[PDB]
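Undergrad: Order-wise, the sequence lines are chains A and A'. A prime marks a further copy of an entry chain. Quick note: the first sequence uses the entry's author numbering, first residue 2, plus one each step. Quick note: the second sequence uses the entry's author numbering, first residue 2, plus one each step. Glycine residues also receive a C-beta, built at the ideal position from the N, C-alpha and C atoms. This is the structure I have questions about; it appears just below.
Protein chains: 2
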Amino acid sequence: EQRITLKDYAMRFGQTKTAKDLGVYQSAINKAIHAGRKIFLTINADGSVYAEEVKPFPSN
Amino acid sequence: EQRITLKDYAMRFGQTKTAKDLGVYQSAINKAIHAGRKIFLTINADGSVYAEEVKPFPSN
DNA sequence: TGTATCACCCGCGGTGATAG
DNA sequence: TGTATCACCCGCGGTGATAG
């Protein structure tokens, strides 16, 4: 609430802001996205963001 | 259904079987567990297992 | 239907192993 | 409220940078 996708979020906001919102470098995002990582953002009232990723175990 | 925790599963079954069930080496498990990784198994009728892990983005 | 190291290599997450 | 490389280091996931 709102639960939204990284990619998604990225298309709305632009790699940079996003990236900035997670306190990480833009290239990350990019990579991450192209990467096809399953990740989700969570927005809070204030607009702070939280992101978790889903991955299969085991990583290999 | 059933949704169960790795650790959990591990306590019921013993590191080894588990490990075997995921097609990975026992030490992994161990590590993984001690590691405090958030991971979950999913059991199916037949008893096949599937495991996904939850992680914060970004990994760093 | 034991677990917990250990060093090795592509620093996490694995591998094999070795023991117990 | 541009994105997409690139080489570098602790092979994935990041960093900075460089450009466009």
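Decide if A36/A' is buried, meaning its Cβ has at least 16 other Cβ atoms within 10 Å, or exposed.
TA: Stepping through the second sequence from its first residue, residue 36/A' is reached at position 35. Answer is exposed; the Cβ neighbour count stays below 16.
Undergrad: With a cut-off of 7 Å, does the C-beta of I34/A' fall near any C-beta of chain A?
TA: The sequence position of residue 34/A' within the second sequence is 33, counting from 1. Taking Cβ atoms only, chain A never reaches closer than 7 Å to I34/A', which makes this a no.
Undergrad: Quick one: which unbroken beta strand (DSSP E) runs of 3-plus residues sit fully inside the segment 3-37 of chain A'? Chain order, please.
TA: Counting whole runs of 3 or more residues, the segment 3-37 of chain A' contains the beta strand (DSSP E) stretches 4-6.
Undergrad: Quick one: measure Cβ to Cβ for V55/A' and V55/A, integer angstroms, because I've assumed they're closer than 8 Å.
TA: As a working note, residue 55/A' is residue 54 in the second sequence. As a working note, residue 55/A is residue 54 in the first sequence. Indeed, because the Cβ distance is near 6 Å, the residues count as touching under 8 Å.
Undergrad: Could you please give the first and the last residue of the uninterrupted beta strand (DSSP E) stretch that includes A52/A?
TA: What you label residue 52/A is simply residue 51 of the first sequence in a count that begins at 1. It spans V50 to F58 - the beta strand (DSSP E) in which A52/A sits, taken as one unbroken run.
Undergrad: What's the gap between the Cα of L23/A and the Cα of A29/A'?
TA: Numbered from 1 along the first sequence, position 22 holds the residue referred to as residue 23/A. Numbered from 1 along the second sequence, position 28 holds the residue referred to as residue 29/A'. The straight-line gap from Cα to Cα measures roughly 30 Å.
Undergrad: List, in chain order, every chain A residue whose beta-carbon is nearer than 7 Å to that of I5/A'.
TA: For this step, residue 5/A' is matched to residue 4 along the second sequence. Residues of chain A passing the Cβ test: none, with the nearest at roughly 13 Å.
Undergrad: Keeping to the same chain, check which residues put their C-beta closer than 7 Å to that of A20/A; ignore five residues upstream and five downstream.
TA: The residue given as residue 20/A occupies position 19 in the first sequence. Cβ within range, chain order: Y26, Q27, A29 and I30.
Undergrad: State yes or no: is the beta carbon of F58/A' nearer than 7 Å to at least one beta carbon in chain A?
TA: Against the second sequence, residue 58/A' aligns to sequence position 57. Judged by the 7 Å Cβ criterion, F58/A' is in contact with chain A.
Undergrad: Is there at least one Cβ from chain A' nearer than 7 Å to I40/A's Cβ?
TA: Residue mapping note: residue 40/A aligns to position 39 of the first sequence, counting from 1. Judged by the 7 Å Cβ criterion, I40/A is in contact with chain A'.
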